[PDB]
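# Summary of the model geometry
Below are the chains, spelled out letter by letter.
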Amino acid sequence: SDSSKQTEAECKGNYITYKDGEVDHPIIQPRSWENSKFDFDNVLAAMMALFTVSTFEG
Amino acid sequence: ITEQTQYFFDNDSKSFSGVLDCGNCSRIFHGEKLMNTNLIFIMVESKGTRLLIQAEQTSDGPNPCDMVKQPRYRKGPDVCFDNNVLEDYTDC
Amino acid sequence: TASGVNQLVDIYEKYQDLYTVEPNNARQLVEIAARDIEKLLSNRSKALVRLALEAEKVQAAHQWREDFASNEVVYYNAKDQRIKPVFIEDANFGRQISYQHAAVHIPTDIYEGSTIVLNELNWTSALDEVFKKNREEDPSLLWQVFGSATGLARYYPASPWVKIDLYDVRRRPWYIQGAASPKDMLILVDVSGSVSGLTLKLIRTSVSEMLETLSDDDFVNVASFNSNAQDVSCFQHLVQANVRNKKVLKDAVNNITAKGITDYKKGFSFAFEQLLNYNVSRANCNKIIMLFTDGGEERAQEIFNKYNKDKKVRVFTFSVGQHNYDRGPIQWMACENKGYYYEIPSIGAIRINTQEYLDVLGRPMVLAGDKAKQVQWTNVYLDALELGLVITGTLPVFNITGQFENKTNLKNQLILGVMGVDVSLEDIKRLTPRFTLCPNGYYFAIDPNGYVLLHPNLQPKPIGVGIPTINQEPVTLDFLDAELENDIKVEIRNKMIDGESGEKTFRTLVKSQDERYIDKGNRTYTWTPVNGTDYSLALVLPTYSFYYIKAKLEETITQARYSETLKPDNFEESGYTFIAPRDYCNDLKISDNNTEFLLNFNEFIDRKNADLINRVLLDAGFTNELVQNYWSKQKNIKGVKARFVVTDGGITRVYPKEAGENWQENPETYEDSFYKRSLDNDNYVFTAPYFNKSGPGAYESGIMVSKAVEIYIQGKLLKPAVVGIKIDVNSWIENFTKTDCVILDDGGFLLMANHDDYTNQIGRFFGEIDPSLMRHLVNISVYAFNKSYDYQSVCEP
Ligand SMILES: *[C@@H]1O[C@H](CO)[C@@H](O)[C@H](O)[C@H]1NC(C)=O
Ligand SMILES: *[C@@H]1O[C@H](CO)[C@@H](O)[C@H](O)[C@H]1NC(C)=O
Ligand SMILES: *[C@@H]1O[C@H](CO)[C@@H](O)[C@H](O)[C@H]1NC(C)=O
Ligand SMILES: *[C@@H]1O[C@H](CO)[C@@H](O)[C@H](O)[C@H]1NC(C)=O
Ligand SMILES: *[C@@H]1O[C@H](CO)[C@@H](O)[C@H](O)[C@H]1NC(C)=O
Ligand SMILES: *[C@@H]1O[C@H](CO)[C@@H](O)[C@H](O)[C@H]1NC(C)=O
Ligand SMILES: *[C@@H]1O[C@H](CO)[C@@H](O)[C@H](O)[C@H]1NC(C)=O
Ligand SMILES: *[C@@H]1O[C@H](CO)[C@@H](O)[C@H](O)[C@H]1NC(C)=O
Ligand SMILES: *[C@@H]1O[C@H](CO)[C@@H](O)[C@H](O)[C@H]1NC(C)=O
C-alpha cells in the first residue's frame, strides 16, 4: 500500500499518507501487501485475468 | 511581530508654544511641564487628519533583504570536523 | 501628604537595627553565578559522558540476533512485549512519571517489530541501568534521551507521549547538533521546463523541509538554473539560515515556476562561484551543494574539474518525482564528489530522505577518534514534552564493533545516534537569585551567536516571523532585539561574544514593563565568560542598587507580631495586603489566587531560605506600622480614593480594603510596571489607566501616582519601597475646572481634557484625538519616539 517498501517483510505497520497531495493534513493508514486484483499466480488465475483483457475492461 | 512605540520627554525646557497649520486655519498651543512631576500641560484651541497610534500594531519585521548586507557580529564554532582522508566514497 | 514618602523614610530610619546593608559588588555576584552555572553544565556533561561510554560499550557486543519471536524484548512503548507501568503524579516534570524504566517512542511510520528496530530495543535495554544511576546520583535532571539513528527515542523518565504523531528524533534540533558539524548549504533548485507539474510541488516541499532541517548556526542559499542561474530570493549569498531568513527562502521557493531549458553546467558554475564568496562572513567549513532535479543527461565533468578539483565541496543530488529520465549522470555526479545520491518518489518519502545527508556529513567526525565527543549545548527551544524552555546538551555515540581487531572494513563510519540531556531555563534561573537586586536589575547570558539565554524579556512562546496569513523552531531572541538597541549596547554584545570580561557604565533608555513608557537611567553592565562552555553571563545594576537591606532577627517575639501582622482578618484595620509568590522554602507555590497563598504562608509561619522570609516579615511589619500610625488616622481624604504602598519582598498594602477589588497590579513587586518605573525616575510618576478594558477602571479606580522612598541609612542611596495613591477622577476634575485645556503625560495619555467628551474617554492614548497637535509637537524637540520591535506577540489574523 505504501509505495516506498518493495517487499512484504518491510511492508507492515502504519504509514503516513497525505490527502490529495497537500503536504499539510496527514492521514495515518496501515500498510497492506495486497496483490493485484487479477494476478498470474496460477494458470487458472491467469486465464481469468487474461479474459478481462480480452473484454477491453480493466 | 508587533511594532511597539513609546514617547518620552526630550528637552529639559519647560515652556513651549507655536501655531498649528492643519489647513486654511490657525491654532494656538502653549506647553508647560509640571516641575518635579512627570506631566505636561497644553492648551489647544477648539476644533476648527491622520491618527497617531501608540498601540502596537501587527507588522512585518525589518526587511531581511537589507539586514544581511551588514549582519550582526557572530563568532561561530571552531571545530567542524570535516575533510578526513580516511573516508569511504563507495556510497551513492 | 497622602502617601507620606518622608514618613516612611523616617519610619525606616528610626529602626536602624535589623539592617545590614551588604553591597552587591556587581563582580563577585557575576563571578559566582557564572561558576554555579558552569558547575551545572559540567554536571550534565559528566552525565552525558558516562551515558555515551556505557551505550558504546554495550553496543560493542550485540551479536545481531534475527529471530525475536522467541525471547521477546520487553519495553514500554510510550504510544499506548509491552510493559504495564505504574505512574506517579510527579510535579517536577508536570506529568506522569515512572522512574522504573525508560519509555520508547517509535515514530508512527516505522514498523514496531522490524528486525532492525527490535535489535535496537534489545541492546538499548541495558541503558536504563545507567539512566537510573545518573538520575539517582543527583536529582533535578529532566530527561536523558538516546536519539538512536533509526527513529527510536529512549527517554528515561517514562511518561505517556503528549492528533497525528509526526515526531522524529532524527530531525529534532538537538539531534542534528551532534549528528554533523555546521554546513554551508546551497540548494540548486532545478526550475526547468521538465519539472512542471507534480515534480515542482515535490521540489518545493522537499526544499522547505530541508531548510527546516538546518540549525541556526549554519549558512544556506537557494539558487535555481533554467538556462540561467538566478536566485529565487533577494539575498545573493549565504544568509545564516536564521529563523527569519528561512522564512524568506521558503516563500521564494514556494513562488517559483517551471520554464526554459535545463543547463547543469551554468548552474553548477554559478553554485561553485557562490561558495567562494569568502568575504561574507561564511561559516568556512562543510561546503555542500544539494542539487534538486528530475533527471539529467549531461554530467558537468568540465565544471567539476575546473572547480572542486580537490573534492573540497560535497554534492548531494535528489532525483525527485516519478519519471523515466536518465539518472546515471546524477548518480555519477554524487559519486565522484564526496556526496551521496537519493530519490524522492513522492510525498511521504521527503521526511525520511531530506534528513539523511547528516549521516554522510558525520563520516569525518566518526573517523576522528575522540576529538568529536564534545558536549554541544543547543539554543533555547520549547520542549517536545511540554516542559517549558530547555537547552539540550548533546554527545554523539559512535559505532565500535570490531574495535581492537583492526578490521577497519565495516560500516563503522556512521554514528549510532546523538543522545542528549535537558536543562530547563527555570533551573538556571534559580542559580541567579534576582531577589537580592532591585526590580530593575537582572541577569542575562547569550549564545556565541548572540541569542539570549535566561533573559527577563524572553517569554515562553514561539518567536514570530512575518505577518500571519489567512487560512517547532527554536525560541531565538537576539540580544539587541530583547531590549532597546543603541550604539553602546552593540559594543557590549560584541565584547561578550568574544569572551572579554569587563565592566561598562552609561545612560540608556529602558522599555518599561507595560510597553507604554520609556525612561532615562544609568545601567552599569557587567559580563564574564563561563569557562566551562561558550557563554557570557551578564548583569545589569542601576547606580542606586549597589546596596541592599537584609534582615537579621533572633528574638522570635517581633517575628510573631510580624507573622500575624498580615492576617486576612486584620484587613479592616490594617488595609488589604498582598504577598509576592516567592520561594519561601517548600511552601506551596501559587498560580492565580493570592488569597490561598497568603493563607498557606500564614500556616507555614505558624509552623515555623531564611533571609528572604525574614525580609518579607520585616517589610510587613514596617508597612503595618506606617498604615496604622498614619493611614489609619487621615482615612478617606477628600480626593484620595485609595492609598497603596509597595515594598520589596512582596509586601503590597492597600488601605481602604475596597480598592483591592479594583487593584489590577500583579502581586509580585518585581513585575509591577509602576514600581520599576517609579524607581527609575526621581519624581512623582502618573500612570494613565488603560482604555476600553473589559474590566472596570478609569472612573472607579482613579489615576495612579507613585514616588520611590529614597533613603540614606549611612550615606548610601536606597529605594526599597514605593508609596502611591489613586486620585479620584471627579475631585480633580473639579479642581481643574475651577481653574481647550489638556493635562498630559509622557506617552500622550489623556489624564483630562477640559471638554467633557475627551475626559469621558480618559486614559486613551492622546493621538487618536488631536493627531495634528502631536504631529507638530514631535517636530519641536519634544515627544521623541523609539519604534522598537516585539518578536513575541499574538495576532488574530
Ligand atoms: C573564568 O576564567 C578564569 C578562570 O581561569 C577566571 O578569570 C574567571 O574567574 C573564571 N570564571 C568562571 C566563572 O569560570
Ligand atoms: C553537581 O553534581 C554534584 C554531585 O552530585 C553535586 O554535589 C553538586 O551540587 C552539583 N552542582 C549543581 C550546581 O547542581
Ligand atoms: C539481547 O537479547 C537477549 C535475548 O532476549 C538478551 O539475553 C540480552 O540481554 C539482550 N541484550 C542486552 C544488552 O540486554
Ligand atoms: C512571484 O515571483 C514573480 C517573479 O517575477 C513575481 O512577479 C511575483 O510578484 C511573485 N509573487 C509573490 C506573491 O511573491
Ligand atoms: C568579495 O568577493 C567578491 C567575489 O570575489 C568580490 O566581487 C567583491 O568585490 C569582494 N568584496 C570585498 C569587500 O572584498
Ligand atoms: C555498528 O557497526 C557494525 C559493523 O559491522 C554493524 O554490523 C552494526 O549494524 C552497527 N550498529 C547498528 C546499530 O546497526
Ligand atoms: C471598545 O472596543 C470594542 C471592540 O469590539 C468596540 O466595539 C467598542 O466600540 C469600543 N468602545 C470604546 C469606548 O472604545
Ligand atoms: C516635521 O519635521 C520635518 C523634518 O525636519 C520637516 O520636513 C517637516 O516640514 C516638519 N513638519 C511636518 C508637519 O512634518
Ligand atoms: C530613540 O530616539 C531618540 C530620539 O529620537 C534617539 O536619540 C535614540 O537614538 C533612539 N534610540 C533607539 C534605540 O531607537
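As annotated in the PDB entry, chain C is Voltage-dependent calcium channel subunit alpha-2/delta-1 from Homo sapiens. For this entry, the PDB title field holds "Cryo-EM structure of human high-voltage activated L-type calcium channel CaV1.2 in complex with tetrandrine (TET)". Looking at chain C in UniProt, the text filed under Function (literature references left out) is "The alpha-2/delta subunit of voltage-dependent calcium channels regulates calcium current density and activation/inactivation kinetics of the calcium channel. Plays an important role in excitation-contraction coupling (By similarity)." Regarding chain C, the UniProt comment filed under Sequence similarities reads as follows: "Belongs to the calcium channel subunit alpha-2/delta family."

By the naming in the PDB entry, chain A is Voltage-dependent L-type calcium channel subunit alpha, taken from Homo sapiens.

### Points about the overall build of chain A
From N to C terminus, chain A includes one helix and two strands. Of the regular secondary structure in chain A, the N- to C-terminal order runs β-β-α. For chain A, the C-alpha radius of gyration of 16 Å lies well beyond 10 Å, the compact-globule estimate for 58 residues. Put simply, chain A has 58 residues, and 21% of those count as buried. Pairs at least 24 residues apart make up 20% of the contacts formed inside chain A by residues separated by at least 6 positions. Per element, the accessible surface of chain A, about 4,700 Å² overall, is 56% carbon and sulfur.

### Overview of the site of ligand 2
Residues and elements named next belong to chain C. In the vicinity of ligand 2, the residues found are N43, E137 and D138. Residue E137 places a side-chain N or O atom 3.2 Å away from an oxygen atom belonging to ligand 2. Here ligand 2 loses 45% of its free accessible area of 360 Å² to cover by the protein chains.

### Overview of the interface of chain B and chain C
The partner chain C presents 95 residues to the 61 residues of chain B that form the contact. In total, about 7,600 Å² of surface goes out of reach between chain B and chain C, with carbon and sulfur atoms giving 60% of it. If you look at where chain B meets chain C, you find eight salt bridges. Along the contact surface separating chain B from chain C lie 29 residue pairs in polar contact. Contributing elements (two or more residues each) for the side of chain B that touches chain C: β1 (2-3), β2 (7-8), β3 (16-20), β4 (27-33), β5 (40-43) and α1 (64-67) of chain B. The dominant element in the side of chain B that touches chain C, judged by the number of residues it contributes, is β5 of chain B, at four residues. Of the residues contributing to the side of chain B that touches chain C, the split by class is 29 nonpolar, 16 polar and 16 charged. In terms of strand pairing, β2 of chain B meets strand β32 (residues 784-785) of chain C through two bridges, oriented antiparallel. The residue of β32 of chain C that forms the bridge with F8 of chain B is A784 of chain C.

### Details of the sheet that holds strand β9 (residues 314-320) of chain C
Residues and elements named next belong to chain C. Reading across from one edge, β7-β6-β5-β8-β9-β10 is the order of the six strands in this open sheet, with mixed pairing throughout. The open sheet is flanked by β7 (229-231) and β10 (341-344), the only strands paired with a single partner. Strand-to-strand, the axes of this sheet are offset by a mean angle of 25°, without reference to chain direction. Bridge count for strand β5 (residues 187-189) against strand β8 (residues 288-293) is two bridges, and the pairing is parallel. In the strand pairing of β8, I187 is matched with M290.

### Comments concerning a nonpolar patch on the surface
A contiguous nonpolar patch, built from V43, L44, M47 and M48 of chain A and spanning about 490 Å² of accessible area, is present on the exposed surface. Overall, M47 of chain A belongs to the exposed group, its relative accessible area being 58%.

### Side note on a positive patch on the surface
Residue and element names in this part refer to chain C. Residues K39, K46, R50 and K133 make up a contiguous surface patch of positive charge. Secondary-structure assignment places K46 in helix α2 (residues 28-60). Judged by its relative accessible area of 49%, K46 falls in the partly exposed class.

### Considering unusual backbone geometry
All names here are of chain C. Positioned with a positive phi, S140 is a non-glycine residue whose angle comes to about 75°. For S281, which is not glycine, the phi torsion reads 70° and is therefore positive. Considering the arrangement of structural elements, one finds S281 in the loop between α8 (264-274) and β8.

### Observations concerning the packing of aromatic side chains
Residue and element names in this part refer to chain C. Taken as a whole and assessed by the stated rule, the structure comprises 42 aromatic pairs over all chains. Taken together, a centroid distance of 4.9 Å and an interplanar angle of 5° make the contact between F444 and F479 stacked. Residues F444 and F479 agree in their burial class; the two are buried. Aromatic rings pair up to connect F93, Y99, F131, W143, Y155, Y156, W161 and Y167 into one cluster. Here the basic side chain of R135 rests over the ring of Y99, its NZ or CZ set 3.5 Å away from the ring centre.

### Section: α8 of chain C
Of all eleven residues making up α8 of chain C, eight are buried, and the element is well covered by its neighbours. Buried within α8 of chain C are the following residues: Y264, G267, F268, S269, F270, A271, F272 and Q274 of chain C.

### Considerations on the pattern of salt bridges
Residue and element names in this part refer to chain C. Applying the stated criterion across every chain, the model contains 47 salt bridges over all chains. Two residues, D165 and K79, come together in a salt bridge whose shortest N-O distance is 3.3 Å. Given a relative accessible area of 16%, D165 falls into the buried group. Look at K79 and you get partly exposed, because its relative accessible area is 30%. Across the pair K265 and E298 runs a salt bridge, and its minimum N-O distance is 3.5 Å.

### A look at the interface of chain C and chain A
Facing the eleven residues of chain C at the interface are ten residues of chain A. When chain C packs against chain A, the two sides together hide about 1,000 Å² of surface, and 68% of this comes from carbon and sulfur. For the chain C face of the interface with chain A, the top three residues by lost area are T108, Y111 and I347 of chain C, together amounting to 43%. Scanning the region where chain C abuts chain A turns up zero salt bridges. For the interface between chain C and chain A, the tally reads two residue pairs in polar contact. Element by element, the count of residues in the side of chain C that touches chain A is highest for helix α6 (residues 198-212) of chain C, at three residues. Here the side of chain C that touches chain A is composed, by residue class, of four nonpolar, three polar and four charged.

### Some words on the environment of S227 of chain C
All names here are of chain C. With respect to the helices and strands, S227 occurs in the loop between β6 (222-225) and β7. Along the primary structure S227 and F398 are separated by 171 residues, whereas in three dimensions their C-alpha atoms are 44 Å apart. For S227, the residues in contact, after removing those within four places along its chain, are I261, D263 and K266.

### Observations regarding the packing of helix α1 (residues 5-14) of chain C against helix α19 (residues 610-631) of chain C
Residues and elements named next belong to chain C. Axis separation between α1 and α19 bottoms out at 11 Å; the angle between their running directions is 130°. Regarding the angle of α1 to α19, the classification is oblique. As for how α1 packs across α19, the hand of that crossing is right-handed. Here α1 contributes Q7, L8, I11, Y12 and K14 to the contact with α19, which in turn contributes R615, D619, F622, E625, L626 and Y630. Looking at side-chain class alone, the contact of α1 with α19 contains six nonpolar, one polar and four charged residues.

### Let's talk about the state of the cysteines
As enumerated under the stated definition, the model contains three disulfides over all chains in all. Sulfur-sulfur distance for the disulfide between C92 of chain B and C335 of chain C comes to 2.2 Å. Here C92 of chain B is found in the segment after α1, whereas its partner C335 of chain C is found in helix α10 (residues 328-336) on a different chain.

### Thoughts on the nonpolar core
All names here are of chain C. The biggest cluster of nonpolar side chains holds 84 residues, and the ones touching the most others in it are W143, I187, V220, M290 and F292. Once you skip the residues sitting within four places of it in the chain, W143 turns out to touch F93, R95, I97, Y155, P157, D383, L385, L387, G420, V421 and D422. One finds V30, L389, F479 and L537 within the second-largest nonpolar core, a separate group that totals 47 residues.

### Some words on helix α3 (residues 115-124) of chain C
Residue and element names in this part refer to chain C. Most of α3 sits out of view: seven of its ten residues are buried. Those residues of α3 that sit buried are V117, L118, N119, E120, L121, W123 and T124. Summarising the contacts, the buried residues of α3 are in contact with α2, α4 (127-137) and β4 (144-148).

Procedures and definitions
- Residues numbered from 1 in each chain as written, not as in the entry; some residues may be left out.
- Chains lettered and ligands numbered in written order.
- Part of a larger assembly, values for the part shown.
- Heavy atoms only, no water.
- UniProt positions renumbered as here; feature names shortened; annotations may be inferred.
- Helix = DSSP H or I, 4+ residues; strand = E, 2+ residues; numbered from the N terminus.
- Rg over C-alpha atoms; globule rule 2.2 N^0.38 Å.
- Buried < 20%, exposed > 50% of the residue type's maximum accessible area, 1.4 Å probe, protein only.
- Contact = heavy atoms within 4.5 Å.
- Areas by Shrake-Rupley, 256 points an atom, 1.4 Å probe, with all protein chains shown as cover.
- Near = heavy atom within 4 Å.
- Polar contact = N/O pair within 3.5 Å; in protein donor to acceptor, adjacent residues only side chain to side chain.
- Buried area = accessible area lost by both parts, 1.4 Å probe.
- Salt bridge = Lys/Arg side-chain N within 4 Å of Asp/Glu carboxyl O.
- Nonpolar A, V, L, I, M, F, W, Y, C, P; charged D, E, K, R; others polar.
- Pairing = 2+ DSSP bridges.
- Axes fitted to C-alpha atoms, helices over the stretch in contact; angles between N-to-C directions.
- Patch = residues over 30% accessible without salt bridge, like charges linked within 9 Å, V, L, I, M, F, W, Y side chains within 5 Å.
- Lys, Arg positive; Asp, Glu negative; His and termini not counted.
- Charge placed at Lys NZ, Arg CZ, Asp CG, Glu CD.
- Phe/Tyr/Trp six-rings, centres within 6.5 Å; stacked < 30°, edge-to-face > 60°.
- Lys NZ or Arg CZ within 6 Å of the ring centre and 35° of its normal.
- Parallel < 35°, antiparallel > 145°, perpendicular 65-115°, else oblique.
- Left-handed = near helix turned anticlockwise from the far one by under 90°.
- Disulfide = S-S within 2.5 Å.
- Core = buried A, V, L, I, M, F, W, Y, C linked by side-chain atoms within 4.5 Å.

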